[PDB]
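Student: Encoded as structure tokens, here's the structure I'll be asking about.
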Amino acid sequence: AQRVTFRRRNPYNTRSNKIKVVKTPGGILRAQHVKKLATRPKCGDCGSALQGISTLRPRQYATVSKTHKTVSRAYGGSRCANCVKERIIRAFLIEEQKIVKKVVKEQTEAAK
Amino acid sequence: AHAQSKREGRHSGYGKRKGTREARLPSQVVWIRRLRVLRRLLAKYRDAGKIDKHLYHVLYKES
Amino acid sequence: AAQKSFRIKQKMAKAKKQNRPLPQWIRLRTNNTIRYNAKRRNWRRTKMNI
Amino acid sequence: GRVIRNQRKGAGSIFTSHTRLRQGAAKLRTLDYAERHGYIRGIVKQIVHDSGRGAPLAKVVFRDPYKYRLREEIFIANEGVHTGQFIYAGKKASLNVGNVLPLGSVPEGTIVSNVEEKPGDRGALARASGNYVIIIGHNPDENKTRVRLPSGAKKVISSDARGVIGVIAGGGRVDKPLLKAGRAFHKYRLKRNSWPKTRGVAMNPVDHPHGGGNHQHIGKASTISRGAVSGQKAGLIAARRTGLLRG
Amino acid sequence: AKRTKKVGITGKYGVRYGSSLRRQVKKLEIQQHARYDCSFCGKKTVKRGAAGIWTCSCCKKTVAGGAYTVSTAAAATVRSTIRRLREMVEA
Amino acid sequence: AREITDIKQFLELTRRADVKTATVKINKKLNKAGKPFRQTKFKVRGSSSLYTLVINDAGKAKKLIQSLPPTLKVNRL
RNA sequence: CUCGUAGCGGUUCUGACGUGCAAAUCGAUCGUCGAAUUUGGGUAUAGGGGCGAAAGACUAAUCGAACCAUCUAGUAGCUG
RNA sequence: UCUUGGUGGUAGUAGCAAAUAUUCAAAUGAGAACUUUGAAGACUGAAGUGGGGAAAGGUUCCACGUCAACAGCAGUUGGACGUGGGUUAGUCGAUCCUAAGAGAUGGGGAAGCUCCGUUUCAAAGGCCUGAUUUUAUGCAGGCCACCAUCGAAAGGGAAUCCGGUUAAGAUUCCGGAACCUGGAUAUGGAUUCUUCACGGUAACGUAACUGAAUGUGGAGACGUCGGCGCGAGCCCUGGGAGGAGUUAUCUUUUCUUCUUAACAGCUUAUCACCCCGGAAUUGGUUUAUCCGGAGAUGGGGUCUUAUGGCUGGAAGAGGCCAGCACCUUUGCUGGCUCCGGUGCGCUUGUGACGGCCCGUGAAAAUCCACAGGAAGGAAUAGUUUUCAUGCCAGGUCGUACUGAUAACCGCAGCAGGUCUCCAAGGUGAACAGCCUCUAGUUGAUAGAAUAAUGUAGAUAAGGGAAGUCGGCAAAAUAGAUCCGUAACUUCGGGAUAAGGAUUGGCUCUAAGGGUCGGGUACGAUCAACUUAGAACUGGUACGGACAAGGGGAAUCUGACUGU
Ligand SMILES: [Mg+2]
Ligand SMILES: [Mg+2]
Ligand SMILES: [Mg+2]
Ligand SMILES: [Mg+2]
Ligand SMILES: [Mg+2]
Ligand SMILES: [Mg+2]
Ligand SMILES: [Mg+2]
Ligand SMILES: [Mg+2]
Ligand SMILES: [Mg+2]
Ligand SMILES: [Mg+2]
Ligand SMILES: [Mg+2]
Ligand SMILES: [Mg+2]
Ligand SMILES: [Mg+2]
Ligand SMILES: [Mg+2]
Ligand SMILES: [Mg+2]
Ligand SMILES: [Mg+2]
Ligand SMILES: [Mg+2]
Ligand SMILES: [Mg+2]
Ligand SMILES: [Mg+2]
Ligand SMILES: [Mg+2]
Ligand SMILES: [Mg+2]
Ligand SMILES: [Mg+2]
Ligand SMILES: [Mg+2]
Ligand SMILES: [Mg+2]
Ligand SMILES: [Mg+2]
Ligand SMILES: [Mg+2]
Ligand SMILES: [Mg+2]
Ligand SMILES: [Mg+2]
Ligand SMILES: [Mg+2]
Ligand SMILES: [Mg+2]
Ligand SMILES: [Mg+2]
Ligand SMILES: [Mg+2]
Ligand SMILES: [Mg+2]
Ligand SMILES: [Mg+2]
Ligand SMILES: [Mg+2]
Ligand SMILES: [Mg+2]
Ligand SMILES: [Mg+2]
Ligand SMILES: [Mg+2]
Ligand SMILES: [Mg+2]
Ligand SMILES: [Mg+2]
Ligand SMILES: [Mg+2]
Ligand SMILES: [Mg+2]
Ligand SMILES: [Mg+2]
Ligand SMILES: [Mg+2]
Ligand SMILES: [Mg+2]
Ligand SMILES: [Mg+2]
Ligand SMILES: [Mg+2]
Ligand SMILES: [Mg+2]
Ligand SMILES: [Mg+2]
Ligand SMILES: [Mg+2]
Ligand SMILES: [Mg+2]
Ligand SMILES: [Mg+2]
Ligand SMILES: [Mg+2]
Ligand SMILES: [Mg+2]
Ligand SMILES: [Mg+2]
Ligand SMILES: [Mg+2]
Ligand SMILES: [Mg+2]
Ligand SMILES: [Mg+2]
Ligand SMILES: [Mg+2]
Ligand SMILES: [Mg+2]
Ligand SMILES: [Mg+2]
Ligand SMILES: [Mg+2]
Ligand SMILES: [Mg+2]
């Protein structure tokens, strides 16, 4: 089989020096330098991959448009639509608790 | 020509094996093939309908 | 080293231009005692130490 | 006539702490008006592992009182503290495990950890895994409190000094045997270069006061004074009694 | 079948390290590798996560714990003692 | 190298004032029984992209080659 | 953990060689080979100091105290 | 055994013997064992004597001329000598970031050379104004609490590929095809009389779809081992379209070409998630037993695009041929370049998992998003456009070559040492040994003869350790299948204990799969190498070369792996 070479002056099998052997229109095999695989943006609350958002290297996000980077909700590209829904429930149930805890506290000190 | 003789069952005797039985063919690969066969058959018999979901779960753990 | 400094290549460039014999007309000059380049260097005989 | 290994450690060249992977300095929250007159509510967001430390670290997140921002303090996690737990630090706080209160405002026999030796030095006592501090007394005029330290000693600290309720998590760690030099190798890989240890009796006399001779023997008494210096303090330093504890 | 009479998890150590020390590690390797019952979700899904750390696989909630078991006997006492001192303070 | 799948955007593209040249390719796609036809490609030299419009029906290939502007430079083969 | 390559070491022949191929090699036979492994680069520790899983081992063929220059033409009841 | 220089005998002596190996003819030449070409024989045998690189070297690269010295023989040859030519980048690196660390400043010490310290006990400071006519944009608000700088040509990092080209350069040149960053900027589209979009129950979708201070979140960003799945490339192979080989005989045969880049659009997914529903007769399910009233199975969906498929790039290039021209400028013309299969294969990438830890396996630059609502803004398109298209620019340094049985270090053209990528067929468990393909080399003073003594390799009747300090060296054993396996033991081992049978070839037999299906008592089709058995056969050979444990009973001693 035809054998290939690293096409850059790095001769070491580092993380930034990965190759894929590919066949050219000239009929020969050649090394092709593979970029690093991208990581999905994780959730800001549960830390799971959050969907609808592109999986790009961190400077590629300045090239693509806003649709690839955000879901149409509140906390779109930040949280994961279950942590957001839990956040809306947890928001709501505490001011209704705080209002109740206010009228409980006010009434019980109004007595004695 | 030697490859066709191997297919027909020649040059495979005791004097032609240098590796162990597991080195020549790993027993795990034998198990993996044979378990995947029974699980293919069991899912084919449940989904087509010649066993119910109760006899299936008995044979799946027996397989 | 195939990825040099410029300061290394500049001294490497100087050494090649010095890597010549004596010009022959210098040996014909009046009261001339120079017979040869006494400061000739080879890559094979003397390493030039950066 | 050569400097010994116990002397060479103070130069701090190859004898430093291997501190790349550590999560930070595990301290208490800095003593302020929130923690001196009322309380402040934190939240655990991580129980992480500290490299070279046998005790987990709790990352507790507070709100800054004066600026809108979040301040992440790093605690030593108490056994029983979980993620998602509200953590209270202050004077008016409630006794739960993981709450931070002054030693004066917690009762007798309370079990505390990450206890300040002086009020506001951000945690000095009961920090290794499993250890704790018991409050054994009080002198409310000229505010002090008597404790029992993990060595068994009795200390008198200010009642304005703080502590975290509970034991430090990770206890029972040293009860497991290492079984092999490999598991000792990776314990000390992330602490410091103190391992292995060559016996001084296994040496040449130039290297150690115990080395040399036709047989491996100590030669002089291993008990040395406190009133000696470097190079002579190789053995039992300032020992009161030696050998087993059999009376 | 039943592959070993007594060594169990400690068969990886061979004949090495002594039989006392293999017995000493055996009760703690069983203790650290067991799945424990979660207190929040109720499922038996708590495993050790670098000693002192006990994350439940479901409900994603981590509990600071003992080195090899979830709760030590010593910190069990602390949960009884601090609970008593909390009531007698607010009594 | 974008691929153009429409006629009216193609004509709107050929008057873009950054395009000045184009090339037309004749391919002889002879297969067995489905379609041994005469493929015609219309490649457009935009400033940042090369636009190909493929017309496998040989009728429309005669129609489009007339309707090209005369300020554009066409390359046969 | 084990057999055993690559690797990394260096048991024995007290083999070859011993004005060598080599101021430490060559060959066979060997130890070990998924970790207290092996290794490049960066970095830190410097001479009565460092460093040492400890042999007075290693610190540029130099080590029971490196190397360079000076004091110094050091001194010699000793040999030429 | 003075110092420096010179010179002898030894002496034409010792020697020029590792790395299988050379041979014939012609050419050139004064001169050929050694040069060049052809022929032949061979070897490295893909963990290479092959293609590249890192450090180091520095011109050794390439051409012409040349052979005094050098290549321990020779020399027409050369890494030699003389003269020249040669290294092209927005995309590859450096440059930038931080690491371990190094290190100024403020300040303290020290007679002083200078030492400590890197945020300290310092009055340590730049950032945008919403947006412009009293603006060289401040003579204003407003915001920010850190605090040098150096530190990686293997870590992090914006973006380039294919084809061709040279005597020597190439991801740099040329041709074609892209992309990124920075800047400026117009048009179309989008949104707007509800002034900052609409659809979907939802997961989320789209070409767009304002968003200041401040805050928060994510990416950069991570261990190792195991098995499994998937992809690429390779290997194996069928049909066909060419070319070459063998052809006494046989051979629908043997070898060989049949390729598709970066980039772009459309599709493509295990995992994850949403809706309906409500589960014991418990179901789903992995090679590996996890999951489910905190909502399983099931039916519908949503998303990531690793990756694959189609199309553009792109057949116009590259390859293989054919015909005709035949100092033809030098080519011209024409055809083919197609469709599959297989897998415990090899190398690699990835995904979901599992195991391990008193080990839980970097940082920063950088980039994005969200929260918030500061400010500004509505006519037939006011603003704003992270939508499409259009314009301009991308500096400096490096780049040739070797990377080693001759380009580095070892006094040198030294059997030494020196970091790494790619990796064909067979045998076989195998990246072993042995043989071959591609590529490469055939270099090492030669010739003749075959004394002793050597060195390296062998064999030896009968005996079998009598040898010797001592079985030193050698021999013996060796793979695999089946049988059998003790003392003792920390119950894990001992253990391949010890021992004992079988092994070839040929012709068969028997198991062991996938895809295809039902009525509101059924077999087409393809593919793989394991295992077991049988007969027949042979100078009883058969792990036929290669490869490959000697074993047992005791004592001392250190527990062990390691140094
Ligand atoms: Mg790099
Ligand atoms: Mg195998
Ligand atoms: Mg098995
Ligand atoms: Mg320079
Ligand atoms: Mg010791
Ligand atoms: Mg000693
Ligand atoms: Mg071992
Ligand atoms: Mg071993
Ligand atoms: Mg080996
Ligand atoms: Mg030795
Ligand atoms: Mg010898
Ligand atoms: Mg010599
Ligand atoms: Mg092994
Ligand atoms: Mg190596
Ligand atoms: Mg000293
Ligand atoms: Mg000694
Ligand atoms: Mg000296
Ligand atoms: Mg003297
Ligand atoms: Mg002399
Ligand atoms: Mg002489
Ligand atoms: Mg002679
Ligand atoms: Mg001879
Ligand atoms: Mg060979
Ligand atoms: Mg060969
Ligand atoms: Mg020449
Ligand atoms: Mg010569
Ligand atoms: Mg000569
Ligand atoms: Mg040359
Ligand atoms: Mg020259
Ligand atoms: Mg770059
Ligand atoms: Mg900087
Ligand atoms: Mg820098
Ligand atoms: Mg990294
Ligand atoms: Mg090219
Ligand atoms: Mg080249
Ligand atoms: Mg170009
Ligand atoms: Mg418009
Ligand atoms: Mg719209
Ligand atoms: Mg992100
Ligand atoms: Mg490209
Ligand atoms: Mg479901
Ligand atoms: Mg690899
Ligand atoms: Mg745009
Ligand atoms: Mg170059
Ligand atoms: Mg080059
Ligand atoms: Mg090269
Ligand atoms: Mg030197
Ligand atoms: Mg030579
Ligand atoms: Mg092979
Ligand atoms: Mg095979
Ligand atoms: Mg030879
Ligand atoms: Mg005999
Ligand atoms: Mg005999
Ligand atoms: Mg005898
Ligand atoms: Mg005798
Ligand atoms: Mg022997
Ligand atoms: Mg067997
Ligand atoms: Mg046996
Ligand atoms: Mg035995
Ligand atoms: Mg030992
Ligand atoms: Mg001992
Ligand atoms: Mg003992
Ligand atoms: Mg050992």
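Residue numbers start at 1 in each chain; chains themselves are named A, B, ... in the order of the structure tokens; ligands are numbered from 1 in the order shown.
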Provide as a PyMOL selection string the residues of chain G at most 12 Å from chain D, counting only C-alpha atoms (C1' of nucleotides).

Tutor: chain G and resi 35-37+43-45+47-57+64-65

Student: Neighbours of segment 77-80 of chain E within 8 Å (only C-alpha atoms (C1' of nucleotides); same-chain residues fewer than 4 positions away dropped), as a PyMOL selection string?

Tutor: (chain D and resi 97+111+166-167) or (chain E and resi 73+84)

Student: Given the selection you just returned, output its residues as a file containing N, CA, C and O atoms, formatted as a CSV table (one decimal), in the first residue's frame.

Tutor:
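After the write, result10.csv holds the following:
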chain,number,residue,atom,x,y,z
D,97,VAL,N,-26.0,21.0,59.8
D,97,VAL,CA,-24.7,20.6,59.4
D,97,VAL,C,-24.3,21.4,58.1
D,97,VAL,O,-25.1,21.4,57.2
D,111,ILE,N,-20.4,20.0,67.6
D,111,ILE,CA,-19.4,19.4,66.8
D,111,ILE,C,-19.2,20.2,65.6
D,111,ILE,O,-20.0,20.4,64.7
D,166,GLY,N,-20.6,20.0,61.9
D,166,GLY,CA,-20.4,18.7,61.3
D,166,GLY,C,-18.9,18.3,61.3
D,166,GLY,O,-18.0,19.0,61.7
D,167,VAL,N,-18.7,17.1,60.9
D,167,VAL,CA,-17.3,16.6,60.7
D,167,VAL,C,-16.9,16.9,59.2
D,167,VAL,O,-17.7,17.1,58.3
E,73,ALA,N,-20.2,6.0,60.9
E,73,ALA,CA,-20.9,5.9,62.2
E,73,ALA,C,-20.6,7.2,63.0
E,73,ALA,O,-21.4,7.6,63.8
E,84,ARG,N,-30.2,17.1,68.5
E,84,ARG,CA,-30.6,17.3,69.9
E,84,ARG,C,-30.3,18.7,70.4
E,84,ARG,O,-31.2,19.4,71.0

Student: Please identify all polymer residues within 8 Å of segment 153-159 of chain H, counting only C-alpha atoms (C1' of nucleotides), omitting same-chain residues fewer than 6 positions from it, and present them as a ChimeraX atom specification.

Tutor: /A:10,12,14,59 /C:3 /G:41 /H:91,93-94,97,179-181,220

Student: Those same residues, written as a PDB file, in the first residue's frame with C-alpha atoms (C1' of nucleotides)?

Tutor:
ATOM      1  CA  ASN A  10       5.388  18.674  13.353  1.00  0.00           C
ATOM      2  CA  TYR A  12       4.672  14.027  16.526  1.00  0.00           C
ATOM      3  CA  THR A  14      -0.090  15.198  19.166  1.00  0.00           C
ATOM      4  CA  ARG A  59     -14.144  31.040  17.199  1.00  0.00           C
TER       5      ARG A  59
ATOM      6  CA  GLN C   3      13.381  26.728  11.143  1.00  0.00           C
TER       7      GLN C   3
ATOM      8  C1'   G G  41      11.130  19.316  25.012  1.00  0.00           C
TER       9        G G  41
ATOM     10  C1'   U H  91      -4.165  30.057   5.077  1.00  0.00           C
ATOM     11  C1'   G H  93       5.187  27.491  11.633  1.00  0.00           C
ATOM     12  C1'   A H  94       7.334  31.747  14.461  1.00  0.00           C
ATOM     13  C1'   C H  97      -1.683  32.656  25.122  1.00  0.00           C
ATOM     14  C1'   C H 179     -11.806  30.325   3.100  1.00  0.00           C
ATOM     15  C1'   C H 180     -10.555  33.609   7.373  1.00  0.00           C
ATOM     16  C1'   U H 181      -9.522  38.300   9.736  1.00  0.00           C
ATOM     17  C1'   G H 220     -10.964  26.638  24.634  1.00  0.00           C
TER      18        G H 220
END

Student: What are the residues of chain H lining chain A at 6 Å or less? Count only C-alpha atoms (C1' of nucleotides), and put the answer as a list in words.

Tutor: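 Those within range of chain A come out as residues 52, 53, 217, 218, 219, 233, 259, 260, 261, 303, 318, 367, 368, 369, 370, 386, 420, 421, 422 and 424 of chain H.
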
Student: What does the list of residues within 9 Å of ligand 60 look like if you count only C-alpha atoms (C1' of nucleotides) and all ligand atoms, written as a VMD selection string?

Tutor: chain H and resid 558 to 560 562

Student: Taking only chain C into account, list the residues labelled helix (DSSP H, G or I) by DSSP (computed from the backbone), as a PyMOL selection string.

Tutor: chain C and resi 6-17+26-28

Student: Could you give me, as a list in words, every polymer residue with an atom at most 8 Å away from an atom of ligand 55, counting only C-alpha atoms (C1' of nucleotides) and all ligand atoms?

Tutor: residues 466, 467 and 468 of chain H

Student: Could you tell me, counting only C-alpha atoms (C1' of nucleotides) and all ligand atoms, which protein and nucleic acid residues lie no more than 9 Å from ligand 52, written as a PyMOL selection string?

Tutor: chain H and resi 460-464

Student: Grab the residues selected above and save them as a PDB file, in the first residue's frame with C-alpha atoms (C1' of nucleotides).

Tutor:
ATOM      1  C1'   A H 460      30.496 -37.567  16.466  1.00  0.00           C
ATOM      2  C1'   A H 461      30.842 -44.742  17.790  1.00  0.00           C
ATOM      3  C1'   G H 462      30.547 -46.851  23.074  1.00  0.00           C
ATOM      4  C1'   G H 463      30.136 -44.482  27.948  1.00  0.00           C
ATOM      5  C1'   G H 464      27.149 -40.431  30.020  1.00  0.00           C
TER       6        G H 464
END

Student: Neighbouring residues of ligand 27 are defined here as those with any atom at most 9 Å from a ligand atom, counting only C-alpha atoms (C1' of nucleotides) and all ligand atoms; list them as a list in words.

Tutor: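 After applying the 9 Å limit, what remains is residues 67, 74 and 75 of chain H.
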
Student: So that I can see what lies close to residue 27 of chain B, please list as a ChimeraX atom specification the residues with an atom at most 12 Å from it, counting only C-alpha atoms (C1' of nucleotides) and leaving out residues fewer than 5 positions away in the same chain.

Tutor: /B:20-22,32-34 /H:287,344,530-531

Student: Around ligand 32, which protein and nucleic acid residues have at least one atom no more than 12 Å from it, if we count only C-alpha atoms (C1' of nucleotides) and all ligand atoms? List them as a list in words.

Tutor: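 The neighbouring residues of ligand 32 are, in order, residues 94, 95, 96, 97, 98, 99, 149, 150, 151, 152, 364 and 365 of chain H.
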